[PDB]
There are 2 protein chains.
Amino acid sequence: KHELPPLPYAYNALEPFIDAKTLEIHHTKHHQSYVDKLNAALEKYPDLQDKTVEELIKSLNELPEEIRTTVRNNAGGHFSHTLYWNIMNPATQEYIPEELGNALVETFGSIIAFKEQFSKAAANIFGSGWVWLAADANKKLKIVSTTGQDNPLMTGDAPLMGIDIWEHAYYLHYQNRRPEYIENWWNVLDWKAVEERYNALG
Amino acid sequence: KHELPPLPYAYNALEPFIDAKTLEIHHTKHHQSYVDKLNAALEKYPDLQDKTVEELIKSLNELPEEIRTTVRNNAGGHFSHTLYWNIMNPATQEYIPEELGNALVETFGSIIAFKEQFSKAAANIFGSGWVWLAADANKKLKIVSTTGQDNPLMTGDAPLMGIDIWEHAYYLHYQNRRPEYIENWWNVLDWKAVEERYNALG
Ligand SMILES: [Mn+2]
Ligand SMILES: [Mn+2]
């Protein structure tokens, strides 16, 4: 009963920053698999089908042991990819909303300093994982590195943006040149969507 | 002082099972990086510069905390890739030497049962990792799954063979179709090399 949403844009809409073939496989193979695996697990325990993926992630320890790992990885995967697609947009004029821009400046010193810290954390991921910008219960911002499809919901924070550092996110166009992928990704980040998330925390 | 070993074969020698471009990048970029990073980690510790990769892995808990993780990952990476190249060869008629064949049959029931259990473990890796055939001190065999560049040396076992399940190992030719890469990899496995290692355990 969870469904894979259509992308908010065509599979070739993030060219040349992300290649169409990748965006299509990433969505229709990798993300689809997380949804299908999550659904298979939840079909065994159908009262969980009524939970949001966020509720599942935040209550892993309460789920049946049989499916706990499958749910961590696949709800985590579903959540994380959903956010990734929704914070990207066909390459658009740089405009960082005031509230978010000011908070980044206050926290990291400048926008450039934030981008540098974030880029460096992403370049330093070992194996498969993610780098996030997250806000804690009091809206303080941090950069978080995670493994697998783990995400900041698990540590009680609100993810605002994340970059996928799994090799499938970049290998077809960039191969081992992960820094090139990271640098290019900034061109499709939708600051307005990141701002919407931050703003909602009120 | 740690050096990248040459491949025992041409970059196109495992075609069509492993693509030349992959073998070239996998070796000259990924494996090279593990060597360069291990060397960089050891630069400040001339006493450690004399240790084998194997000695480093077997002693990680005794290494300086400053470098421990980097040594685990990069010594592990150097060890793991060295073994991977050396247990592959241009595809030839499958001949499994008697001693190893017999041990596989005694342990798993049949060669095909072993190949099934091994392939299943490889298909089930979440994120970046390896699957190994390993022997204990008594030449008892087991299949081991690891994360990152971890390897059976770390649990006091002798790795005989391992398949790289990091996405960089297969994404250019197979993309998300990891099972296709796994199935194909059997065609380039050098059972003579695996048997050499097993035989050495005496
Ligand atoms: Mn992904
Ligand atoms: Mn590798």
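Engineer: For the pattern of salt bridges, give the residues involved together with the corresponding values.
Structural biologist: Residue and element names in this part refer to chain A. Within this structure, the stated rule accounts for 12 salt bridges over all chains. The partner of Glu 180 in a salt bridge is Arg 177, with the nearest N and O atoms 3.0 Å apart. Take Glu 180: its relative accessible area is 35%, and that puts it in the partly exposed class. Assessed through its relative accessible area of 33%, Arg 177 is described here as partly exposed.

Engineer: If you had to explain the relation of the copies chain A and chain B to someone new, which residues and values would you point to?
Structural biologist: Aligned on chain B, chain A shows an RMSD of 0.4 Å; the corresponding rotation is 180° and the shift along the axis is 0.1 Å. Such a combination of rotation and displacement between the chain copies is what one expects of a two-fold axis. Both copies share a contact surface, since 100% of the interface residues of chain A are interface residues in chain B too.

Engineer: So, the domain arrangement of chain A: which residues are in play, and what are the values?
Structural biologist: All names here are of chain A. Assigned domains within chain A: domain 1 (20-87) and domain 2 (98-201). Distance between the C-alpha centres of domain 1 and domain 2: 20 Å. With 21 residues of domain 1 at the contact, the number on the domain 2 side is 24 residues. Between domain 1 and domain 2, a total of about 1800 Å² is buried, with carbon and sulfur atoms accounting for 64% of that surface. It is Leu 83, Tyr 84 and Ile 87 that lose the most area in domain 1 upon contact with domain 2, and together they represent 33% of the buried surface on that side. Here domain 1 and domain 2 share one salt bridge between them. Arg 72 is paired through a salt bridge with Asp 150; the nearest N and O atoms lie 2.6 Å apart. The interface formed by domain 1 and domain 2 includes seven residue pairs in polar contact.

Engineer: Give a description of the nonpolar core that names residues and reports values.
Structural biologist: In terms of nonpolar packing, the biggest core is built from 130 residues, with A:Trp185, B:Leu133 and B:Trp185 touching the most fellow members. Counting residues per element, this core draws most heavily on helix α3 (residues 65-86) of chain A, at seven residues.

Engineer: Requested: an account of the sheet that holds strand β1 (residues 129-135) of chain A, with residues and values cited.
Structural biologist: Residue and element names in this part refer to chain A. Taken together, the three strands give an open sheet; going across it, the order is β2-β1-β3, and neighbouring strands pair in antiparallel fashion. On the outer flanks of this sheet lie β2 (141-147) and β3 (158-164), each paired with one strand and no other. Put simply, the sheet's adjacent strands are angled 25° from each other on average, direction ignored. Where α3 meets the sheet, its contacts fall on β1 and β3, and the angle it forms with β3 comes to roughly 85°. Lying over the sheet, helix α4 (residues 98-108) contacts β1 and β2, oriented at roughly 80° with respect to β2.

Here is what the cut-offs are and how they apply
- Residues numbered from 1 in each chain as written, not as in the entry; some residues may be left out.
- Chains lettered and ligands numbered in written order.
- Heavy atoms only, no water.
- Salt bridge = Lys/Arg side-chain N within 4 Å of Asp/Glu carboxyl O.
- Buried < 20%, exposed > 50% of the residue type's maximum accessible area, 1.4 Å probe, protein only.
- Least-squares fit on C-alpha atoms.
- Contact = heavy atoms within 4.5 Å.
- Domains from an automatic or database assignment.
- Buried area = accessible area lost by both parts, 1.4 Å probe.
- Polar contact = N/O pair within 3.5 Å; in protein donor to acceptor, adjacent residues only side chain to side chain.
- Core = buried A, V, L, I, M, F, W, Y, C linked by side-chain atoms within 4.5 Å.
- Helix = DSSP H or I, 4+ residues; strand = E, 2+ residues; numbered from the N terminus.
- Pairing = 2+ DSSP bridges.
- Axes fitted to C-alpha atoms, helices over the stretch in contact; angles between N-to-C directions.

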